[PDB]
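Input: a single structure, listed below in C-alpha cells.
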Amino acid sequence: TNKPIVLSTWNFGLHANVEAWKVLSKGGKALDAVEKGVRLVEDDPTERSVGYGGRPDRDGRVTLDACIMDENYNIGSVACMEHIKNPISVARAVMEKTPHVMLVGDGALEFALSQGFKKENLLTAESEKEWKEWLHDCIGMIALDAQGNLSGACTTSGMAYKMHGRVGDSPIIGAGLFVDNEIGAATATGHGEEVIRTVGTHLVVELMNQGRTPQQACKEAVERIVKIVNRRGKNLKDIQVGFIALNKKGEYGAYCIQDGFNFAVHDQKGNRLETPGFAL
Amino acid sequence: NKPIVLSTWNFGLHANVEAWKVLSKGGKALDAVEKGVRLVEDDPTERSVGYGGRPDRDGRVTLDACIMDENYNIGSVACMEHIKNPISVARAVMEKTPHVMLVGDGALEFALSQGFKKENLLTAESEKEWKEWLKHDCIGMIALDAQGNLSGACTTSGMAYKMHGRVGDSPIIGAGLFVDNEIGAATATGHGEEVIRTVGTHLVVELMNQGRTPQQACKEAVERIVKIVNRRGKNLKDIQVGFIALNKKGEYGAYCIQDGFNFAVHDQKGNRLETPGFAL
C-alpha cells in the first residue's frame, strides 16, 4: 500500500496538497487533512471558483456548496449557503452535530451561526464589478492516511451567474464525491448537471468495487457520460467532466471528457501535477 | 409486462389509478408519473407529501421532489415553500432551465415565474400538532409505458420537525430516484439520510445493470445498508428504508429493512397491493 497519499483537482491542488500533507505526514486522519486542504482555497479571494472570491449567481449573491465523507460512511453537506467562507467545515458540523446529512439555504446559514461560524461578505470588489459588467470550477480532494483510511471533500461557488438557488454536483454524495473505505474514493469536476445526471463518483467507486483499477474506473465512467451526451443529442465539445480516484492500496487515477484538466498527487515521492487521459 | 406502474405504500393504489389513466391510453410514462404523485400532493389528509405535510420545527412546510424521464433529463426542487405541486416545478426545472436543481427561495421565484400559484400549505391540523410537539414518508412512482420508456417521480414534505433547511433523499437523483432506460428504474422510501449515505436507487439500478433481477437488486441494496448501520454502531430497529424497482421487460421487485412496507403494482392484470420481504 502506497500510504499516505493525497490527490486534488486542478493547479491549485499543488498548494492545497501541501496543507493536507502537514496532517498526513504526521500520521493524522484523512478527514482532517482533506478539510484543511480545501479550506486553503476557500480562504483565498484570488481563487474565484471556491469560497471567498467566488463569482456570484445572477442576482449578485455568492452562494456556496460543499460536502465531506469520512472512512466510516459519515457524510455532511451544505448547498446554496451564503456569508460563511468555509462551507466544508459547516458540512463537517452537519455530519458531526446533527441527525441530518444535508442542510440548504437559510437553514444551513442559521446552523452555521449556531456553531460559531462568522458571517462575512464573500463578494469581493473584483467579483461585484465583473457581475455588473456581465449584467477551475471547484476543488475536490481525496486522501488515504497512515492508518489506511480514506476521506474526501469537495467545495465550490458553483457556475458563475447561475440562477438564484442553483445547486451543482459538489454537495451531492455520489455525484461530486463518494468514499467507501473498503474500496476507494473519487471526486468530480466539470459541468455539475452532467455529474448529477450520471451519479458520477458513485459509479467510479462501484466500478473499482467490480475489480477495476482507479484510472480504468475513471475512464469507463467518462465513456458512459460520452454515450449519454450522444443519446441526448448534445455536442461533447460543450461539456466537460473529470474524475480523480484512489483505492485502498493507494493506487490512483484520473480521466476526463476533454483535454486540459490536471490534477495534483502528493505521496512520499513528493508533490506533482499530472495530466490524465481524455476521451474527445 | 407493459404498461406497468409501481408506487410506494398503501396510497400508491389510488395514485396508480391516476397514472393508469395516461398509461392505458398510450400516454407517456413522464406524464403518468407526474399525474400519479400530484394526486397525493393535492390531498390535505396526506401528511408527508405536498399540501398538509408536517412542517419543519420552525412551522414551515418545505417540500422536496425530483423527476427523471426516459433520456436522462432530470429536474429537482428542495426545501421549497408555498407551492402545492413540487413535482411539476421540478419538471419545469428540467424542461425550461439550464439547471437540474433549484433550492429554497430561488426554487419558489422560478415556480412563480412559470405561473404556479402561491398557497398556504400548513393546514389547521398540522399547525396544532406542531405547536403540541413544540411543548408512509413520501410517494415514489416509476412506470414503463406502452412505448417501452421508463420514467419516475418522488415527492415529500420531509421528516416531520426536521431542522429548517434539511433535505432528504427524495429530490436527489443518485438517491430517492434513478432511471436508466436501457436498464431499469428504482425509487426509495424511508429515513432519507440513510438513502443519501448509500446512493440507494443508483446502486439498485447498477445492480440490475449487472444482471440482478429487480427484487434481487432491491434486496442486496438493503443488505448493504444493513452492513453499514452495523459498521456505524447504530441500531437497525431505528431505521426503515425500502426500494421498489422495475427493469426494461417490466419485471418488478421490492425489499425493505422492516416489515410493514407494502407497494402498489398496476399492469394489465389490474391494480394490487403487495408486501416485499424484509431484513430485520
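Quick note on naming: the chains in the C-alpha cells go A, B, ... in the order shown, residues restart at 1 in each chain, and ligands are numbered from 1 in order of appearance.
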Could the residues of chain A that have an atom at most 7 Å from chain B be listed as a tab-separated table, each with its closest atom pair and the distance in Å to one decimal, counting only C-alpha atoms and ordered by chain and ascending residue number?
```
residue	atom	partner	partner_atom	distance
A:72	CA	B:232	CA	6.8
A:73	CA	B:197	CA	6.7
A:75	CA	B:197	CA	6.9
A:100	CA	B:193	CA	6.1
A:101	CA	B:193	CA	5.7
A:102	CA	B:167	CA	5.6
A:103	CA	B:166	CA	4.5
A:104	CA	B:165	CA	4.9
A:105	CA	B:104	CA	6.0
A:106	CA	B:165	CA	6.6
A:107	CA	B:165	CA	4.1
A:108	CA	B:165	CA	6.1
A:164	CA	B:106	CA	4.9
A:165	CA	B:106	CA	4.3
A:166	CA	B:102	CA	4.6
A:167	CA	B:101	CA	5.6
A:173	CA	B:196	CA	6.9
A:174	CA	B:199	CA	6.1
A:193	CA	B:100	CA	6.1
A:196	CA	B:173	CA	6.8
A:197	CA	B:72	CA	6.3
A:199	CA	B:174	CA	5.5
A:232	CA	B:71	CA	6.5
```
What does the file look like for those residues with C-alpha atoms, as a CSV table (one decimal), in the first residue's frame?
```csv
chain,number,residue,atom,x,y,z
A,72,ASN,CA,-16.9,5.1,8.0
A,73,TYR,CA,-19.8,6.3,5.9
A,75,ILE,CA,-21.4,12.5,5.4
A,100,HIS,CA,-29.3,15.1,9.2
A,101,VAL,CA,-26.8,14.9,6.3
A,102,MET,CA,-27.7,18.0,4.2
A,103,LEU,CA,-28.9,21.5,5.0
A,104,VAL,CA,-29.6,24.1,2.3
A,105,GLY,CA,-30.2,27.9,2.0
A,106,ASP,CA,-31.1,29.9,5.1
A,107,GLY,CA,-31.3,26.8,7.4
A,108,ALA,CA,-27.7,26.0,6.6
A,164,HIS,CA,-30.5,32.1,-7.7
A,165,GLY,CA,-30.9,28.7,-5.9
A,166,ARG,CA,-29.0,26.5,-8.4
A,167,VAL,CA,-27.1,23.6,-6.9
A,173,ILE,CA,-22.8,12.4,-2.3
A,174,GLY,CA,-22.3,10.0,-5.1
A,193,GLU,CA,-25.5,18.9,-14.1
A,196,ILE,CA,-25.5,14.6,-11.2
A,197,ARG,CA,-27.2,13.0,-14.3
A,199,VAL,CA,-24.2,9.9,-10.5
A,232,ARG,CA,-29.3,13.2,-25.5
```
Contacts of stretch 5-22 of chain B at 10 Å (only C-alpha atoms; same-chain gap of 4+ positions) as a ChimeraX atom specification
/B:26-40,46,136-145,150-154,186-189,242-246,250,252-254,260-268,270-275
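Between atom CA of residue A:206 and atom CA of residue B:148 there is a distance of 27.6 Å.
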Just list as JSON, numbers by chain whatever in stretch 92-159 of chain B DSSP marks as alpha helix (DSSP H).
{"B": [92, 93, 94, 95, 96, 104, 105, 106, 107, 108, 109, 110, 111, 112, 113, 124, 125, 126, 127, 128, 129, 130, 131, 132, 133, 134]}
May I have the selected residues written with N, CA and C atoms, as a PDB file, in the first residue's frame?
```
ATOM      1  N   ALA B  92     -40.648  21.595 -14.653  1.00  0.00           N
ATOM      2  CA  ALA B  92     -40.295  22.875 -15.288  1.00  0.00           C
ATOM      3  C   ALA B  92     -38.792  23.158 -15.166  1.00  0.00           C
ATOM      4  N   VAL B  93     -38.083  22.848 -14.072  1.00  0.00           N
ATOM      5  CA  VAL B  93     -36.613  22.988 -13.963  1.00  0.00           C
ATOM      6  C   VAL B  93     -35.943  22.170 -15.077  1.00  0.00           C
ATOM      7  N   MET B  94     -36.346  20.907 -15.193  1.00  0.00           N
ATOM      8  CA  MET B  94     -35.860  20.052 -16.266  1.00  0.00           C
ATOM      9  C   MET B  94     -36.103  20.652 -17.650  1.00  0.00           C
ATOM     10  N   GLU B  95     -37.359  21.030 -17.936  1.00  0.00           N
ATOM     11  CA  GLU B  95     -37.741  21.466 -19.268  1.00  0.00           C
ATOM     12  C   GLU B  95     -37.413  22.881 -19.671  1.00  0.00           C
ATOM     13  N   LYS B  96     -37.387  23.786 -18.687  1.00  0.00           N
ATOM     14  CA  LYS B  96     -37.303  25.184 -19.013  1.00  0.00           C
ATOM     15  C   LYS B  96     -36.042  25.897 -18.568  1.00  0.00           C
ATOM     16  N   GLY B 104     -34.759  26.288  -2.086  1.00  0.00           N
ATOM     17  CA  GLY B 104     -35.144  27.414  -1.243  1.00  0.00           C
ATOM     18  C   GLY B 104     -35.936  28.494  -1.975  1.00  0.00           C
ATOM     19  N   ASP B 105     -35.588  29.749  -1.682  1.00  0.00           N
ATOM     20  CA  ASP B 105     -36.199  30.922  -2.305  1.00  0.00           C
ATOM     21  C   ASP B 105     -36.075  30.965  -3.811  1.00  0.00           C
ATOM     22  N   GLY B 106     -34.942  30.555  -4.404  1.00  0.00           N
ATOM     23  CA  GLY B 106     -34.776  30.568  -5.840  1.00  0.00           C
ATOM     24  C   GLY B 106     -35.713  29.581  -6.520  1.00  0.00           C
ATOM     25  N   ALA B 107     -36.039  28.437  -5.851  1.00  0.00           N
ATOM     26  CA  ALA B 107     -36.979  27.483  -6.438  1.00  0.00           C
ATOM     27  C   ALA B 107     -38.391  28.071  -6.439  1.00  0.00           C
ATOM     28  N   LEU B 108     -38.800  28.721  -5.342  1.00  0.00           N
ATOM     29  CA  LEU B 108     -40.088  29.414  -5.322  1.00  0.00           C
ATOM     30  C   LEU B 108     -40.130  30.573  -6.337  1.00  0.00           C
ATOM     31  N   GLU B 109     -39.141  31.489  -6.485  1.00  0.00           N
ATOM     32  CA  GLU B 109     -39.170  32.545  -7.522  1.00  0.00           C
ATOM     33  C   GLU B 109     -39.383  31.909  -8.900  1.00  0.00           C
ATOM     34  N   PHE B 110     -38.629  30.856  -9.247  1.00  0.00           N
ATOM     35  CA  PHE B 110     -38.824  30.239 -10.544  1.00  0.00           C
ATOM     36  C   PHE B 110     -40.235  29.666 -10.659  1.00  0.00           C
ATOM     37  N   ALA B 111     -40.784  28.979  -9.655  1.00  0.00           N
ATOM     38  CA  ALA B 111     -42.155  28.456  -9.727  1.00  0.00           C
ATOM     39  C   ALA B 111     -43.153  29.555 -10.105  1.00  0.00           C
ATOM     40  N   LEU B 112     -43.059  30.691  -9.411  1.00  0.00           N
ATOM     41  CA  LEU B 112     -43.955  31.806  -9.670  1.00  0.00           C
ATOM     42  C   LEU B 112     -43.820  32.305 -11.108  1.00  0.00           C
ATOM     43  N   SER B 113     -42.583  32.361 -11.626  1.00  0.00           N
ATOM     44  CA  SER B 113     -42.284  32.832 -12.964  1.00  0.00           C
ATOM     45  C   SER B 113     -42.953  31.956 -14.029  1.00  0.00           C
ATOM     46  N   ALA B 124     -54.746  23.521   9.366  1.00  0.00           N
ATOM     47  CA  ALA B 124     -55.005  23.771  10.767  1.00  0.00           C
ATOM     48  C   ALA B 124     -54.592  22.511  11.509  1.00  0.00           C
ATOM     49  N   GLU B 125     -54.770  21.280  11.020  1.00  0.00           N
ATOM     50  CA  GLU B 125     -54.332  20.108  11.777  1.00  0.00           C
ATOM     51  C   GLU B 125     -52.809  20.092  11.992  1.00  0.00           C
ATOM     52  N   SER B 126     -52.021  20.301  10.940  1.00  0.00           N
ATOM     53  CA  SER B 126     -50.584  20.343  11.089  1.00  0.00           C
ATOM     54  C   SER B 126     -50.107  21.469  12.014  1.00  0.00           C
ATOM     55  N   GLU B 127     -50.671  22.685  12.018  1.00  0.00           N
ATOM     56  CA  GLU B 127     -50.163  23.720  12.902  1.00  0.00           C
ATOM     57  C   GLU B 127     -50.424  23.347  14.367  1.00  0.00           C
ATOM     58  N   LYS B 128     -51.603  22.808  14.685  1.00  0.00           N
ATOM     59  CA  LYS B 128     -51.950  22.312  16.012  1.00  0.00           C
ATOM     60  C   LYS B 128     -50.944  21.316  16.575  1.00  0.00           C
ATOM     61  N   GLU B 129     -50.706  20.252  15.804  1.00  0.00           N
ATOM     62  CA  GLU B 129     -49.752  19.211  16.167  1.00  0.00           C
ATOM     63  C   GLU B 129     -48.355  19.803  16.279  1.00  0.00           C
ATOM     64  N   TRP B 130     -47.961  20.791  15.449  1.00  0.00           N
ATOM     65  CA  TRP B 130     -46.616  21.378  15.549  1.00  0.00           C
ATOM     66  C   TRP B 130     -46.488  22.100  16.881  1.00  0.00           C
ATOM     67  N   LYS B 131     -47.435  22.977  17.196  1.00  0.00           N
ATOM     68  CA  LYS B 131     -47.396  23.633  18.475  1.00  0.00           C
ATOM     69  C   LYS B 131     -47.551  22.572  19.596  1.00  0.00           C
ATOM     70  N   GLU B 132     -48.316  21.446  19.540  1.00  0.00           N
ATOM     71  CA  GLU B 132     -48.324  20.402  20.574  1.00  0.00           C
ATOM     72  C   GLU B 132     -46.881  19.902  20.673  1.00  0.00           C
ATOM     73  N   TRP B 133     -46.255  19.422  19.591  1.00  0.00           N
ATOM     74  CA  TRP B 133     -44.873  18.955  19.535  1.00  0.00           C
ATOM     75  C   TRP B 133     -43.915  19.967  20.130  1.00  0.00           C
ATOM     76  N   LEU B 134     -44.110  21.267  19.935  1.00  0.00           N
ATOM     77  CA  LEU B 134     -43.209  22.258  20.475  1.00  0.00           C
ATOM     78  C   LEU B 134     -43.211  22.237  21.982  1.00  0.00           C
TER      79      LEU B 134
END
```
Stretch 29-195 of chain A: which residues are strand (DSSP E) by DSSP, as a PyMOL selection string?
chain A and resi 64-69+75-81+102-104+139-144+150-156+177-180+184-190
Determine the nearest neighbour of residue A:228 from the options A:43, A:120, A:194, A:84, counting only C-alpha atoms.
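Closest residue, counting only C-alpha atoms: A:194.
With atom CA of residue A:14 on one side and atom CA of residue A:152 on the other, the separation reads 16.1 Å.
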